[PDB]
Structures are given as structure tokens and as C-alpha cells.
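This is target17.cif (mmCIF, C-alpha atoms).
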```
data_query
loop_
_atom_site.label_atom_id
_atom_site.label_comp_id
_atom_site.auth_asym_id
_atom_site.auth_seq_id
_atom_site.Cartn_x
_atom_site.Cartn_y
_atom_site.Cartn_z
CA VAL A 1 2.05 -14.40 -14.09
CA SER A 2 1.09 -13.29 -10.56
CA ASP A 3 -2.59 -13.32 -9.65
CA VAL A 4 -2.37 -11.70 -6.25
CA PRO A 5 -5.26 -9.57 -4.95
CA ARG A 6 -5.35 -6.37 -7.00
CA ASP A 7 -5.42 -2.69 -6.01
CA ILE A 8 -5.00 -3.17 -2.24
CA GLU A 9 -6.25 0.07 -0.69
CA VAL A 10 -6.44 1.72 2.74
CA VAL A 11 -10.01 2.99 2.47
CA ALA A 12 -10.44 4.57 5.90
CA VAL A 13 -8.65 4.55 9.25
CA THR A 14 -9.38 5.23 12.93
CA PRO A 15 -7.21 5.08 16.05
CA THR A 16 -8.01 1.37 16.45
CA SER A 17 -8.95 0.10 13.00
CA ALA A 18 -8.56 0.22 9.24
CA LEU A 19 -10.90 -0.57 6.34
CA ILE A 20 -8.87 -2.32 3.67
CA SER A 21 -10.13 -3.16 0.17
CA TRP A 22 -8.96 -4.99 -2.97
CA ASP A 23 -10.17 -6.51 -6.25
CA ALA A 24 -9.98 -10.28 -6.71
CA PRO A 25 -7.62 -11.44 -9.49
CA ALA A 26 -8.64 -13.07 -12.77
CA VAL A 27 -8.15 -16.62 -11.45
CA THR A 28 -10.72 -18.17 -9.11
CA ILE A 29 -9.62 -18.14 -5.47
CA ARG A 30 -10.84 -20.43 -2.69
CA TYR A 31 -10.04 -17.79 -0.09
CA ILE A 32 -8.01 -14.74 0.87
CA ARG A 33 -5.30 -15.09 3.49
CA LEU A 34 -4.85 -11.75 5.27
CA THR A 35 -2.07 -11.02 7.74
CA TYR A 36 -1.19 -7.85 9.61
CA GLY A 37 1.19 -6.60 12.27
CA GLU A 38 3.15 -3.55 13.36
CA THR A 39 5.62 -2.61 10.65
CA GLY A 40 9.06 -3.86 11.65
CA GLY A 41 7.59 -5.21 14.87
CA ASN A 42 9.30 -8.38 16.07
CA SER A 43 5.91 -9.65 17.28
CA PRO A 44 3.54 -12.38 15.99
CA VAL A 45 1.58 -11.28 12.93
CA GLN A 46 -2.20 -11.71 13.13
CA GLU A 47 -3.59 -13.84 10.32
CA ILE A 48 -7.17 -14.17 9.08
CA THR A 49 -8.62 -16.36 6.35
CA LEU A 50 -11.55 -14.81 4.48
CA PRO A 51 -14.11 -16.11 1.97
CA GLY A 52 -12.55 -15.76 -1.49
CA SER A 53 -15.58 -13.64 -2.41
CA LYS A 54 -14.74 -10.91 0.13
CA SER A 55 -13.34 -7.68 -1.30
CA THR A 56 -13.06 -5.76 2.00
CA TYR A 57 -12.06 -6.28 5.61
CA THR A 58 -12.01 -4.07 8.68
CA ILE A 59 -8.97 -4.64 10.87
CA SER A 60 -9.72 -3.84 14.50
CA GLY A 61 -8.06 -4.10 17.91
CA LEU A 62 -5.08 -2.04 16.77
CA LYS A 63 -3.01 0.49 18.74
CA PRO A 64 -3.46 4.21 17.87
CA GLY A 65 -0.78 6.21 16.00
CA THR A 66 0.86 2.93 15.01
CA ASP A 67 2.39 1.80 11.70
CA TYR A 68 0.98 -1.48 10.37
CA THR A 69 1.67 -3.75 7.40
CA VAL A 70 -1.22 -5.68 5.87
CA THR A 71 -0.47 -8.55 3.52
CA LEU A 72 -2.85 -10.51 1.30
CA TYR A 73 -2.44 -13.87 -0.43
CA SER A 74 -4.89 -15.51 -2.81
CA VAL A 75 -5.32 -19.16 -1.87
CA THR A 76 -6.34 -21.05 -5.01
CA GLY A 77 -5.58 -24.63 -4.01
CA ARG A 78 -7.22 -27.14 -1.69
CA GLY A 79 -5.85 -29.18 1.21
CA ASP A 80 -3.90 -28.27 4.35
CA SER A 81 -1.08 -26.88 2.18
CA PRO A 82 -3.06 -25.15 -0.68
CA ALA A 83 -1.46 -23.36 -3.64
CA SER A 84 -1.04 -19.65 -2.85
CA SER A 85 -0.30 -16.42 -4.71
CA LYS A 86 2.74 -14.28 -3.97
CA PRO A 87 2.17 -11.62 -1.28
CA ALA A 88 0.61 -8.19 -1.82
CA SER A 89 0.85 -5.60 0.97
CA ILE A 90 0.31 -1.99 1.98
CA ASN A 91 1.26 0.05 5.02
CA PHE A 92 -0.71 2.65 6.90
CA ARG A 93 -0.80 4.31 10.29
CA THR A 94 -3.81 4.42 12.60
CA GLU A 95 -4.98 7.81 13.87
CA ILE A 96 -3.71 8.83 17.33
CA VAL B 1 14.89 -5.04 -5.63
CA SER B 2 17.41 -3.27 -3.37
CA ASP B 3 16.81 -0.02 -5.24
CA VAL B 4 13.04 0.06 -4.70
CA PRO B 5 11.62 2.44 -2.04
CA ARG B 6 10.66 0.52 1.09
CA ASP B 7 7.38 0.15 2.96
CA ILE B 8 5.46 2.91 1.16
CA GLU B 9 2.80 4.06 3.60
CA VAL B 10 -0.33 6.18 3.78
CA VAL B 11 0.44 7.90 7.08
CA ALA B 12 -2.61 10.16 7.24
CA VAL B 13 -5.31 11.41 4.90
CA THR B 14 -7.71 14.37 4.84
CA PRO B 15 -10.45 15.32 2.33
CA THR B 16 -7.90 16.89 -0.01
CA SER B 17 -4.45 15.65 1.03
CA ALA B 18 -2.39 12.63 2.02
CA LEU B 19 0.91 12.16 3.80
CA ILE B 20 2.95 9.48 2.08
CA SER B 21 5.98 7.90 3.70
CA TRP B 22 8.59 5.26 2.83
CA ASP B 23 12.10 4.13 3.73
CA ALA B 24 15.08 5.00 1.55
CA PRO B 25 16.50 1.91 -0.18
CA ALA B 26 19.77 0.55 1.24
CA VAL B 27 21.56 1.53 -1.95
CA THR B 28 22.55 5.08 -2.86
CA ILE B 29 20.00 6.81 -5.12
CA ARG B 30 19.80 10.27 -6.67
CA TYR B 31 16.08 10.92 -6.94
CA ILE B 32 12.72 9.55 -5.99
CA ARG B 33 10.04 9.80 -8.70
CA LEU B 34 6.58 9.96 -7.18
CA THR B 35 3.54 9.78 -9.41
CA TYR B 36 -0.05 10.03 -8.23
CA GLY B 37 -3.46 10.07 -9.87
CA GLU B 38 -7.01 8.84 -9.42
CA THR B 39 -7.05 5.04 -9.37
CA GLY B 40 -8.50 3.73 -12.59
CA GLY B 41 -9.30 7.03 -14.26
CA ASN B 42 -8.94 9.36 -17.23
CA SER B 43 -7.89 12.21 -14.98
CA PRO B 44 -4.30 13.48 -15.42
CA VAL B 45 -1.50 11.76 -13.47
CA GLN B 46 1.01 14.15 -11.87
CA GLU B 47 4.64 13.28 -11.29
CA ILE B 48 7.19 14.92 -8.97
CA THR B 49 10.92 14.26 -8.59
CA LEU B 50 12.25 14.36 -5.04
CA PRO B 51 15.73 14.33 -3.55
CA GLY B 52 16.78 10.72 -2.98
CA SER B 53 17.10 11.56 0.71
CA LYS B 54 13.51 12.71 1.18
CA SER B 55 11.41 10.08 2.94
CA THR B 56 7.96 11.73 3.00
CA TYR B 57 5.70 13.73 0.75
CA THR B 58 2.31 15.37 1.15
CA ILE B 59 -0.01 15.22 -1.83
CA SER B 60 -2.53 18.04 -1.76
CA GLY B 61 -5.18 19.54 -4.01
CA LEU B 62 -7.00 16.18 -4.05
CA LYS B 63 -10.79 15.62 -4.26
CA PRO B 64 -12.73 14.41 -1.18
CA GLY B 65 -13.81 10.74 -0.98
CA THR B 66 -11.70 9.75 -3.98
CA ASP B 67 -9.52 6.73 -4.70
CA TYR B 68 -5.95 7.64 -5.60
CA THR B 69 -2.92 5.60 -6.64
CA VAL B 70 0.64 6.63 -5.83
CA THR B 71 3.63 4.97 -7.47
CA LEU B 72 7.26 5.41 -6.43
CA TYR B 73 10.52 4.43 -8.06
CA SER B 74 14.11 5.50 -7.46
CA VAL B 75 16.63 6.91 -9.94
CA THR B 76 20.35 6.22 -9.55
CA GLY B 77 23.26 7.43 -11.65
CA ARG B 78 24.33 10.42 -13.77
CA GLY B 79 22.65 11.87 -16.85
CA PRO B 82 20.09 7.01 -15.42
CA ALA B 83 18.81 3.68 -14.07
CA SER B 84 15.33 3.24 -12.58
CA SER B 85 14.01 0.76 -10.02
CA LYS B 86 10.79 -1.14 -10.60
CA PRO B 87 7.93 1.04 -9.27
CA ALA B 88 6.12 0.44 -5.98
CA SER B 89 2.63 1.74 -5.33
CA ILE B 90 -0.23 2.00 -2.87
CA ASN B 91 -3.88 3.05 -3.14
CA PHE B 92 -5.80 5.12 -0.61
CA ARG B 93 -9.01 7.08 -0.47
CA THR B 94 -9.22 10.69 0.71
CA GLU B 95 -11.78 11.52 3.37
CA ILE B 96 -15.31 12.54 2.46
#
```

Target format C-alpha cells, applied to this file:
Amino acid sequence: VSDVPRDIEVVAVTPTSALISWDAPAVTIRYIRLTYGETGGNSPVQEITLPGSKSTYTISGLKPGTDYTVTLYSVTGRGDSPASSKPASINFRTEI
Amino acid sequence: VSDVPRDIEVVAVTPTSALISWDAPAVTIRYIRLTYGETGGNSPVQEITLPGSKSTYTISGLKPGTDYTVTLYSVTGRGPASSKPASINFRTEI
């Protein structure tokens, strides 16, 4: 059960960015769906689809001293409505 | 579920410490059990029990440029019941 990206980690952080990392699950994935936004912020979450082979991503264009939630989904299916894993997320704050 | 600590966060990190934060669950709890250790490792894993009302904790005495895992779970009741754990991984600065 559950083959979401594994060990999501906040590797490093700056006032405007964050290096996030993870290990791909056991099942083959077509791509990683990554979303992020201010924690508890009633504003549109930024989403980014990455090559399933990626194990890192640097989020940029963020506000300093801000709390953000990053969420990853493994997309294993094909089509415009592909099969997806349950969500996996972590929170962090950018430097001031 | 409703007993699990909310939005566990790595607020700030240094070469040997990390400020961890989270929101208290909506339900009444007695303690917060926080365990941390090097991610994937044979190094000892230390556990601390915190008052259920504490919402932050600073882990110190860590090694620079190292991957650590922190798991949190709440304890409710007398003598008790535990929530499923929640965790996050971070790396200390180099």
C-alpha cells in the first residue's frame, strides 16, 4: 500500500528558496507532481510537474520568513487524468 | 487522525541544531513524544516527551551537514493511547 515519494526532506533554505529532496518509491512513476504554497494561505497553490526520474527540486520566488507547505504526488498512470499516489508533504520556513 | 500533531515544520536549521514546530491537534492530549535520529542510520535515536501544550522544540547537539529524521506522535489518557506518528526530514547546515 501507498507508494508516495519517500523521505521528503528540506535540504537547504534561503530567504527566497528551498532545496527539497526525496527518494522515488518502489513502483515506476511517469512523473512527480509537486505543489507548494504558504501554509494555511487561502491563495492559489503553485504546481509543477517533474520528470519521474528527478529526486530534487529547488523552489524559488518565495517570500522571506514565510511558512510553506510542499506536497508531492507520484503520477504512475497515463492520460489527462493519470493514476496518482496519495499526497506526501513537509513544511518549512524560508530565512528572513 | 485528529490526534496527530499538525503541520510539523522545520522552522530553521544551523550546523548543530534545528527548530521544529507543529500545531497542537484539535483534541485534548497529555504529551507529545518527539523522536529524532540520523535518517537511515545505525546511530542512536533519542526520544523526548513534551507537555501536550508545547508547540515547538529545538534539537541541538547535532552534526553539521547531516540528514536527520524527526517523528512526532501524541499521547492522550491516564496511565495511554497514541496517535499514528508524523515525521519530517531535514539536513543541518554544513

Might you spell out which residues the PyMOL selection byres ((chain B) within 8 of (chain A)) would select in the displayed file, as a tab-separated table (two decimals) with C-alpha atoms, in the coordinates of the input?
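Saved as selection_14.tsv:
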```tsv
chain	number	residue	atom	x	y	z
B	7	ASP	CA	7.38	0.15	2.96
B	8	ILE	CA	5.46	2.91	1.16
B	9	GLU	CA	2.80	4.06	3.60
B	10	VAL	CA	-0.33	6.18	3.78
B	11	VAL	CA	0.44	7.90	7.08
B	12	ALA	CA	-2.61	10.16	7.24
B	90	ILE	CA	-0.23	2.00	-2.87
B	91	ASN	CA	-3.88	3.05	-3.14
B	92	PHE	CA	-5.80	5.12	-0.61
B	93	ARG	CA	-9.01	7.08	-0.47
B	94	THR	CA	-9.22	10.69	0.71
B	95	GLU	CA	-11.78	11.52	3.37
```

Quote the spacing between atom CA of residue B:18 and atom CA of residue A:14 in Å to one decimal place.
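Taking atom CA of residue B:18 as the start and atom CA of residue A:14 as the end point, the length is 14.9 Å.
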
Å distance separating atom CA of residue A:87 from atom CA of residue B:73, one decimal place
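Atom-to-atom, atom CA of residue A:87 and atom CA of residue B:73 are spaced 19.3 Å apart.
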
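The space separating atom CA of residue A:56 from atom CA of residue B:33 comes to 29.8 Å.
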
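Each of B:88, B:45, B:20, B:75 was checked against residue B:6 using only C-alpha atoms; the smallest atom-to-atom distance is that of B:88.
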
The PyMOL selection byres ((chain B and resi 68) around 7) resolved against shown file, as a ChimeraX atom specification:
/B:36-39,66-67,69-70,91-93

As a check of understanding, name the residues that the PyMOL selection byres ((chain B and resi 58) around 8) selects in the supplied structure, as an MDAnalysis selection string.
chainID B and resid 17:20 56:57 59:60

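If you measure from each of B:96, B:44, B:29, B:5 to residue B:71 using all atoms listed in the file, the closest one turns out to be B:5.
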
Within-10 Å shell of (15.9, 0.2, 3.3) in input frame, only C-alpha atoms, as a VMD selection string:
chain B and resid 2 to 7 22 to 27

Convert the current residue selection to file output with C-alpha atoms, as a PDB file, in the frame of the given file.
```
ATOM      1  CA  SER B   2      17.410  -3.270  -3.370  1.00  0.00           C
ATOM      2  CA  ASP B   3      16.810  -0.020  -5.240  1.00  0.00           C
ATOM      3  CA  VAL B   4      13.040   0.060  -4.700  1.00  0.00           C
ATOM      4  CA  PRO B   5      11.620   2.440  -2.040  1.00  0.00           C
ATOM      5  CA  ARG B   6      10.660   0.520   1.090  1.00  0.00           C
ATOM      6  CA  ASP B   7       7.380   0.150   2.960  1.00  0.00           C
ATOM      7  CA  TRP B  22       8.590   5.260   2.830  1.00  0.00           C
ATOM      8  CA  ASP B  23      12.100   4.130   3.730  1.00  0.00           C
ATOM      9  CA  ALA B  24      15.080   5.000   1.550  1.00  0.00           C
ATOM     10  CA  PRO B  25      16.500   1.910  -0.180  1.00  0.00           C
ATOM     11  CA  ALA B  26      19.770   0.550   1.240  1.00  0.00           C
ATOM     12  CA  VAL B  27      21.560   1.530  -1.950  1.00  0.00           C
TER      13      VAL B  27
END
```

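Nearest to residue A:25 of all the residues A:49, A:85, A:42, A:58 is A:85, based on only C-alpha atoms.
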